[PDB]
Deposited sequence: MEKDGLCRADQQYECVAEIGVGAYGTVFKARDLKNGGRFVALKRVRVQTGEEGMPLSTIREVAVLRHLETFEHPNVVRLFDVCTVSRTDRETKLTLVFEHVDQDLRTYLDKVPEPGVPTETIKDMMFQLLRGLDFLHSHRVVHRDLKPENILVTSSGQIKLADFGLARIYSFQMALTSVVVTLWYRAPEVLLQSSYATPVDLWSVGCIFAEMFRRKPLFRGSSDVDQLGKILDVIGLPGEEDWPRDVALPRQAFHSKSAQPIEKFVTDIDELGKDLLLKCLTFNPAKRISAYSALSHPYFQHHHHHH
């Protein structure tokens, strides 16, 4: 598409390639062009176009779709990862953590209410604008990072919307620590490091018929030992996100009404 001129590679992998490009027809503004090499794909881009009609402030704008598939998004200069690496001591200000978490949960509630599950939420696809706005990116299309993966994904049992609320809890903790809460090197090591903190759940909370039984893995530790800067209300919301059983985990909609945000 000669309407765009690629100037830098943002990333490459399974998702094809994402480039930073000049939108030659729209005043030369920067855009992120995702080049991705059917019915599943056709339906997925139709869902992305539908979400864009709402123009939610907490998800990246989808400017164009070309067809061999190219998605054109607004460009955001930085991700949450870079924002956390550059924030000076003593860290992210308490009210900035609160604001970014509120916006993250609004973008996620928007996706969950239109039955889209992100499934790969991490600082790398949580974008931070020059005005401090949070914009979700890299969703809707089907070292590594299991650090934000929910226990039910690691166990290979369920994949519903609560999967993103576990990721939100990991990210919430990381905004205080400025280092990942659960840094595992494999699916089983990730689950062990999770249970080292939250403790073994009740036998009835363990999913039936999975390869890994409860027996393969522990007592709950005070979460403030790992997130020292967190307040009482923040702690209550953090634990509601880091609940082992997905049916008992708080939703993004209820999280938005938690006393922490009042």
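Practice item. Could you name the stretches of the deposited sequence that have no C-alpha atoms in this structure? Key: In sequence order, the gaps with no modelled C-alpha are 1-9, 47-54, 85-92, 168-179, 255-256, 302-307.
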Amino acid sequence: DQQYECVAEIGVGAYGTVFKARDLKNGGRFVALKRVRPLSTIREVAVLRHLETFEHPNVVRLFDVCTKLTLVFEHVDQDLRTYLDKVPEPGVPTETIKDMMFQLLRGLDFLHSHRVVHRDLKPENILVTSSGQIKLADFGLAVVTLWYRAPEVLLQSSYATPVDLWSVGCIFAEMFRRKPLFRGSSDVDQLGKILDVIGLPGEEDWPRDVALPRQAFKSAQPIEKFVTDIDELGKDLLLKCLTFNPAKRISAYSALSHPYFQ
From here on, numbers count along this sequence of modelled residues.
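Practice item. Could you settle it for me: does 51-59 or 206-214 have the higher average Cα B factor in the PDB entry? Key: Per the deposited B-factors, the answer is 206-214.
Point to revise | Mean C-alpha temperature factor, higher of 87-95 and 127-135 | key: Going by the record's values, the stretch with the higher mean is 87-95.
Review point. Say you rank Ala252, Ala14, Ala247, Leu239 by Cα B-factor from the PDB entry; which sits at the top?
Key: Of the candidates given, the C-alpha B-factor peaks at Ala14.
Check your understanding: Among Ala142, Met101, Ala173, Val153, which residue carries the highest C-alpha B-factor recorded in the PDB entry?
Key -> Spelled out: the listed residue with the top C-alpha B-factor is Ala142.
Exercise for review: Select lowest, middle or highest to describe the third in which the CA B-factor of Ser167 falls within its chain in this entry.
Suggested key: For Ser167, the deposited C-alpha B-factor lands in the lowest third.
Exercise for review: Consider only the C-alpha atoms of the modelled residues in this chain, order them by B-factor as the entry records it, and name the third containing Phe182: lowest, middle or highest.
Suggested key: Its C-alpha B-factor, which the entry lists for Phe182, ranks in the middle third among residues of this chain.
Review point. C-alpha B factor of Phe73, ranked within the chain: lowest, middle or highest third?
Key: It falls in the middle third of the chain.
**Study point:** Third of the chain's Cα B-factor distribution that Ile194 belongs to, per the entry
**Key:** Ranked within chain, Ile194 CA B lands in the lowest tercile.
**Study point:** Position of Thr82 among the chain's modelled residues by C-alpha B-factor, lowest, middle or highest third
**Key:** Ranked within chain, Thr82 CA B lands in the middle tercile.
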